[PDB]
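Residues per chain, in single letters:
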Amino acid sequence: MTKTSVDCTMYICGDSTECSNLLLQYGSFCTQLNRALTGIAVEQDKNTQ
Amino acid sequence: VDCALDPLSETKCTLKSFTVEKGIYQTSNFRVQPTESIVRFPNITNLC
């Protein structure tokens, strides 16, 4: 399936600096989501191979 | 290691390890800062 990667920072907080600081308080949720998605994207290459 | 320097250096920080194995890693988003701010409010003269 089409590999989709979403930046947690860009989608949630947006361009605004204030949103970035508030996002930081939450933790590694922004980061953890990226890991899951790339892995799905990486997996799709392996399947075709 | 200083993250905000070399491209290689940035990779270590996201990875969080001093030694990095061969591969492709994504470290940070790249965005272009707005160069200038332009405002276009109505030109109507009268003071409310």
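Procedures and definitions
Residues numbered from 1 in each chain as written, not as in the entry; some residues may be left out. Chains lettered and ligands numbered in written order. Part of a larger assembly, values for the part shown. Heavy atoms only, no water. Disulfide = S-S within 2.5 Å. UniProt positions renumbered as here; feature names shortened; annotations may be inferred. Helix = DSSP H or I, 4+ residues; strand = E, 2+ residues; numbered from the N terminus. Buried < 20%, exposed > 50% of the residue type's maximum accessible area, 1.4 Å probe, protein only. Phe/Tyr/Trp six-rings, centres within 6.5 Å; stacked < 30°, edge-to-face > 60°. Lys NZ or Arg CZ within 6 Å of the ring centre and 35° of its normal. 1 Å grid on protein atoms, 1.4 Å probe; cavity = no way out; pocket = protein on both sides within 12 Å on 5 of 7 lines; lining within 4 Å. Points joined across faces, edges and corners; volume = space filled by probe spheres on them. Nonpolar A, V, L, I, M, F, W, Y, C, P; charged D, E, K, R; others polar. Patch = residues over 30% accessible without salt bridge, like charges linked within 9 Å, V, L, I, M, F, W, Y side chains within 5 Å. Areas by Shrake-Rupley, 256 points an atom, 1.4 Å probe, with all protein chains shown as cover. Salt bridge = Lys/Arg side-chain N within 4 Å of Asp/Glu carboxyl O.

In the PDB archive, cryo-EM is given as the structure determination method for this entry, at a resolution of 3.4 Å.

Caption draft 1: A look at the UniProt feature "disulfide bond" in chain A. Residue and element names in this part refer to chain A. Look at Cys 8 and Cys 30: UniProt has them disulfide-bonded, and their sulfurs are 2.0 Å apart, which fits a closed bridge. With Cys 8 in helix α1 (residues 8-12) and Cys 30 in helix α3 (residues 29-48), the pair connects residues that are 22 residues apart, well separated along the chain. Pair check on accessibility: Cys 8 and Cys 30 agree, each one buried. For the UniProt disulfide linking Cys 13 and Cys 19, the S-S separation comes out at 1.9 Å, below the 2.5 Å cut-off, so the bridge is there in this model.

Caption draft 2: Summary view of the state of the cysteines. Residues and elements named next belong to chain A. One pass over the structure, following the stated rule, counts three disulfides over all chains. Here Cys 8 pairs with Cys 30 through a disulfide, and the sulfurs are 2.0 Å apart. Its S-S torsion of approximately 65° makes the covalent link between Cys 8 and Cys 30 right-handed. Between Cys 13 and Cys 19 runs a disulfide, and the two sulfur atoms are separated by 1.9 Å. Given an S-S torsion of about -125°, the disulfide between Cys 13 and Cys 19 has left-handed geometry. Exposure remark for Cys 13: the relative accessible area of 9% places this residue in the buried category.

Caption draft 3: How the structure looks around the packing of aromatic side chains. If you walk through the whole model with that rule in mind, you get zero aromatic pairs over all chains. The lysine or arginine in question, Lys 12 of chain B, covers the ring of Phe 18 of chain B, its NZ or CZ lying 5.8 Å from the ring centre.

Caption draft 4: Structural view of the layout of surface pockets. Approximately 1,200 Å³ is the volume found for the largest pocket. Together, 33 residues line the largest pocket, and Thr 31 and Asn 34 of chain A together with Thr 14, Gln 26 and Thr 27 of chain B are the ones closest to its centre. For the lining of the largest pocket, the elements supplying multiple residues, two or more each, are α1, α2 (17-26) and α3 of chain A together with α1 (7-15) of chain B. At eight residues, the largest contribution of residues to the lining of the largest pocket is made by α3 of chain A. Taken together, the residues of the lining of the largest pocket sort by class into eleven nonpolar, 15 polar and seven charged.

Caption draft 5: Focus on unusual backbone geometry. All names here are of chain B. Phi at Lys 16 takes a positive value of approximately 70°, unusual for a residue other than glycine. By the secondary structure assignment, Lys 16 is in the segment after α1. With a relative accessible area of 69%, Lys 16 lands in the exposed category.

Caption draft 6: Looking closely at a nonpolar patch on the surface. Residue and element names in this part refer to chain A. There is a patch of nonpolar side chains on the surface, built from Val 6, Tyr 11 and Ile 12 and spanning about 350 Å² of accessible area. As for its placement among the helices and strands, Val 6 is situated in the segment before α1. Its relative accessible area of 36% is what places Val 6 among the partly exposed residues.

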